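Given next, in structure tokens, is a single chain: the form deposited in one PDB entry.
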């Protein structure tokens, strides 16, 4: 209870003593902060251009790290609303703070009474909502803003799969929850595990915690939000359990820049990312400390306790009279707190709020106005969250709509080297991230920056199926096969005319194979074909020169001409059916087939007709010319109408071959000549064969006549069986893979065999010598 005059009175709650009130002068926490508050008030009342003639007053009470004691004191604040009675004060703002769950309770009791309250040290995420704390402002970063630093650094280093660790308190739980929530929304990071310790661990607990963190050897980032016991005991109990070089630690101030947690556990904590609230050094207030005497500070009720506990003398034991002694040399090691700047900033913000309210409510009139006499709570709260000023550090102090303060942290890193063991500054976090990546050193099992990704980007051509529920993880599967590889998750089929590339991705044309001119199957047919076209040509040459000569007289008639033409055409098609297929070749092959088949058989039938039926015009010229021209014209028109013969149209078997291995699958350059087309084409040939067979069965009972007409029948009979053998060897070739090879060989050889039989008893031995 400190009474300082004033015209606008404020209040102050401070943690003098410790956890009704136990006796331990908390010193740094309490006394320092009281002196800071009174100091800042003292320079507020001197600045001529801050609040004009208005003066400030102060009502400083005590809290002993208890919630209820602070409740009684906050009741003491509000007592002007309830014979030498003195006028009570009128508090227009409360400026006090401590560990949380104290600011919470005073915030409730003060929001019930529309009194603003600005805190300097209370940093609890639960105190970050307008509901239930509409009147609570804060001039220090929330601890939830610390969880935005770990997320940013984890994203910056590329880690997406981490393991969180915490302690059972209101600190660890809230910090881990904020880390999880920021990890959500903005994605890119995943949490493998979340292990929370108890307040008191049973024997072996740390071993189980370590081994369950060691269960998944892919998450090697441990974001610890937990007090010193976890640090010390996890880093020491991992020595003989051998997780060294397997976990990288990122911790909050609970670890901080301290060296006490690990006295020698340095090889288990060879790397760390530590976040600390920024710090300053107030010069005028240190002077205030240095100028405080005993005859001056009668303003402090509990200041003799400071004299007794800061030097060890019980004035009321060294029993020293204590004379007069400045508190630097005769005092023990001296240092101030880091939170004095915030308790100065709070009172400055409140004074600025009052000044800004004066600017509007009471214009021009120096001092006060009756309108301004009552300091309305709502207007003051509105003006408090409207200040953008800077003081006592050179750094700005401002509040968002919630009333919190922007967070300014710094980041330290821990490594070792010969003679070097320190906490280098790798950067900071003031509404953004600033990391000196090249400054970081992880020189224990990781030469470059370490890795914690759940899965690793694969080679192209291996479809990566993201496992459901965890984008940070996936599993790669080969997409080899006829299907092409399009995207990371997309690989669909490429067209059958595109063999999939041997590069495990891409597609290319299938090679096309064709019956080759030089092959171990076509050489013997072309050879026998040319052998035939030599001997047959020789005989034809013999006949024509000697048409009138006896014995060859029957040969002189054009019947022999037509038979020879048919034989030569058969041989020609035998040769041509071998060479490489082309756009129009096969149509020519078909026309030649029709032509030769008509010629030879028509000659055979007309000769048989002339020979036999005449036993009951007969002359060779008349009969032959008519029938030959007629039948040739018939087949000529049959060819002309392009029903059996195909157009230049062809087929390429790019993908018709169904080989499981694309590589060895091939194709053929096949004219689209159907087997039914072949059968119907030779149908007229079959009819001629049937007619000639009937005629020669009639001849079988041959009249005496001559002897040259029986070989005609015999040769035709042999050719009948020779050609009938073809049909089974036409149908049976479809089963084999080399359908084209066997089909072409059998057709060509069967034609050559029929031709050679016609070259037999028909006209060879009759002219052995002519």
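Throughout, rigid core stands for the largest set of C-alpha atoms superposing within 1.5 Å between the two forms. Numbering follows the first chain given and starts at 1.
Omitted here: the form deposited in another entry. The next part is about that form.
Only 486, out of 523, 437, 679, 486, shows a C-alpha shift of 2 Å or more between the shown form and the other one on alignment of the rigid core. In the core-superposed comparison between the shown form and the other one, residue 373 has its Cα shifted by less than 2 Å. Shown in the overlay between the shown form and the other one, fitted on the rigid core, is a CA shift at residue 200 smaller than 2 Å. Taking the rigid core as fixed, one finds a CA shift for residue 324 of 2 Å or more between the shown form and the other one.
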